[PDB]
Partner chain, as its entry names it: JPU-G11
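Only one chain is given next, in structure tokens, and it is the form solved without the partner chain.
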């Protein structure tokens, strides 16, 4: 029933299957790293990410006269076995918390079904996998075997609090925006969280508040998983499409812009900043992309490799994109089914909706100002549970989000840095 069938321990011996040393397609050289397969198509690498971007392999913090506003550095974080063990257990716990909700179950199912499209072939008469959507697993005999995957959760790079989805690009194809999709690497940590303010006028002001309430890490991970979903189905909105914030004087006086992809991901009233016209533009654009995938599948006559049959892969993508198959067997995109899937991925899976399911306090809008970063430990059940997060039932922390109240539940939070006034 659980999303993760086995409760891995970082020190569990490698078996070359779900506990193995692996290498990722970063187009460069790297020493193998120990990774854990927690679910079909999903892996966790308890290491700081110095791999997806070779130009970001330095965890060392620059001089004090260089650190910006919202950022936190600690080159030693996640360098020991105990930390990696706790990281693995923390990430797994959050996946279970997310999966325990109907919305999270729906999102994770979509993610697992969202296999990156096999569009690496040079000939249109054959389908071939794109190698950067795979990892190389060291087998018991020391040989490497290529395994396709959809998602990898990895530790943050130098800036510990800069969580984000990273994926390998293609020489020509924009995999996260052409309907194809690509393996997503989420830089994330379950060992820290952020403080926000309960009053909207305070939370959206850069000069007020110390961060009384703590964001539930499950929401933060869910936010990244939503981005991952968009990217796996190749419908992420180009980052150059932004909202020139004009609803917050502090954002405005700095000409700050926020991408539509982020507003869409948060959802709620934020998603309304993307007008109907531009929204319809994107819908049509991605509809056309799904059409091309349907046609590319029809042009295929043979498959490259022996991992699976051509008909099998045609079926996995028929299910991913919910395509229709006529009498002749040709695939086509049905407008109704497309709109439903597109809407599910963009309107149903949103941060705002997850807050409703988790019943937690959270920022009311993406257009606010961070307050602080806290060190936390969600592994012990006495601190955080799959079912209630920090707001433990039948305790003084059960009501009024008392568990997220860092002043009441102070034993669960250590403020590492204050951001207010530093913008």
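Think of the rigid core as the biggest set of C-alphas that the two forms share within 1.5 Å after superposition. Numbering follows the first chain given and starts at 1.
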Tell me whether residue 208 is absent from the model in at least one third of the other entries compared, counting only those where the residues either side are present. yes
Do a third or more of the other compared entries leave residue 169 out of the model? no
Higher-scoring stretch by recorded Cα B factor average, 281 to 289 or 262 to 270: 281 to 289
Going by the B-factors listed in the PDB entry, is the mean over the C-alpha atoms higher for 348 to 356 or for 311 to 319? 311 to 319
In terms of CA temperature factor as recorded, identify the highest of 166, 227, 97, 301. 301
Among 388, 56, 47, 370, highest Cα B-factor in the entry goes to 56
Lowest, middle or highest third of the chain for the C-alpha temperature factor of residue 363? lowest
Sorting the chain's modelled residues by C-alpha B-factor, tell me whether residue 341 ends up in the lowest, middle or highest third. middle
Among the modelled residues of this chain, does the Cα B factor of residue 66 put it in the lowest, middle or highest third? highest
Would you mind ranking residue 179 by its C-alpha B-factor against the rest of the chain and naming the third, lowest, middle or highest? middle
Can you tell me whether residue 243 has a C-alpha B-factor in the lowest, middle or highest third compared with the other modelled residues of the same chain? highest
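Form solved in complex with the partner chain: not shown, discussed below.
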Can all three of 218, 390 and 415 be found with a heavy atom no more than 4.5 Å from the partner chain in the bound PDB entry? no
Taking the partner chain as it sits in the bound PDB entry, is residue 102 near enough to touch it, meaning that at least one heavy atom pair lies within 4.5 angstroms? yes
Would you check, heavy atoms only and a 4.5 Å threshold, whether residue 180 touches the partner chain in the bound PDB entry? no
Examine residue 109 and determine whether its closest non-hydrogen atom to the partner chain in the bound PDB entry is within 4.5 angstroms. yes
At the 4.5 Å heavy atom threshold, is residue 294 in contact with the partner chain in the bound PDB entry? no
Which of these residues, 117, 290, 349, 87, gets a heavy atom within 4.5 Å of the partner chain in the bound PDB entry? 349
Rigid-core-referenced C-alpha movement of 2 Å or more between the shown form and the other one, selected from 82, 328, 311, 76: 328
After the core is overlaid between the shown form and the other one, has the C-alpha of residue 381 moved by 2 angstroms or more? no
Against the rigid core, is the Cα displacement of residue 67 between the shown form and the other one at least 2 Å? yes
